[PDB]
Amino acid sequence: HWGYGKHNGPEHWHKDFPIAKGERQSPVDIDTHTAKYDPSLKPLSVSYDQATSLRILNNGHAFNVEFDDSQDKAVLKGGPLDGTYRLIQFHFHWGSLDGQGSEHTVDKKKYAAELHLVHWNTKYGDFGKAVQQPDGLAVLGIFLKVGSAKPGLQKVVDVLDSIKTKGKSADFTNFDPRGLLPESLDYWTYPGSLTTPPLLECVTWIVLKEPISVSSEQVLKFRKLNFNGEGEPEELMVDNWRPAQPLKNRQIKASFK
Ligand SMILES: COCCNC(=O)c1ccc(S(N)(=O)=O)cc1
Ligand SMILES: COCCNC(=O)c1ccc(S(N)(=O)=O)cc1
Ligand SMILES: [Zn+2]
């Protein structure tokens, strides 16, 4: 099936997911000079105070922290969005070395990793119906650079030993995703897609300008995870990022002057 290796990686995905060559694919390079400030964007509202994390899962492509999305407990609104988008999960993409790992790039610069907080538009009732809609999803993307440790990430790092291999899950309640955000909510936004198969073109991307810093030890712990299941030959979970895709007929808007 699909992956990140030579024989099943991004350059192969189009054969089973032809939208891989579509008109609004993600990620993209964010050329900061050609992005345009958009005074029509409303203030962005990240409302995570009632977030209810449930579980962490190694799905063979990344690890997901899942949330209870049966009510409006952790939502994203404002910015480019109409209405309310409910948080369902977050995960990361990262590299084998600190000089790569992000999916979006900024003036071609790659960060060590990228966090994706995935939300679905509540007008569609649940995630599965939302991914049938051109405005079904909003993903908040946050770059990670290696420097000082991020205290609010440590609880994630500490549980990874229990989900080393594909299909493993563990209880992960009472985790506050607000500890993963940078100080500033300045962002760029554009219409795009899921960055993994099935590559559906449902996402309003909101990519924060300010990276968070994580320590070398924190990202090394990400790199000890496995793509494979237990008892299978070990392939380290590293470089699980899709490269930047053609911008095509899209303009990136900035929330800041
Ligand atoms: C199952 O053993 C390996 C044989 N399969 C493959 O090599 C393969 C490669 C690419 C795709 S993809 N990226 O178009 O979906 C799907 C399958
Ligand atoms: C209908 O898809 C089946 C499951 N896939 C997902 O939920 C999914 C969510 C977010 C991203 S990402 N990397 O764009 O944030 C990629 C995939
Ligand atoms: Zn992602």
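Residue positions begin at 1 at the first shown residue.
Just so it is clear, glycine is given a Cβ too, placed from its N, Cα and C backbone atoms.
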Same-site residue for Zn(2+) (record: Swiss-Prot; known: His91, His93; options: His116, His119): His116
Position flagged as phosphoserine [Swiss-Prot], chosen from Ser102, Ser169: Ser169
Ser47, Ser70, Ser162, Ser216 - residue that Swiss-Prot labels as phosphoserine: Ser162
If you measure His91 (Zn(2+) binding site) to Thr195 (substrate binding site) at Cα, how many Å is it? 12
Whose Cβ lies within 8 Å of the mean position of the Cβ atoms of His91, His93, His116, the Zn(2+) site, other than those residues? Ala62, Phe90, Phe92, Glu103, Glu114, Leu115, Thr195
Provide, as an integer number of angstrom, the distance between the C-alpha atoms of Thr196 (substrate binding site) and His93 (Zn(2+) binding site). 11
Residue with minimal Cβ packing [other Cβ atoms within 10 Å] among the recorded positions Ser162, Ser169, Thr195, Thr196: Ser162
Based on DSSP, name the secondary structure state of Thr196 (substrate binding site): helix, strand or coil. coil
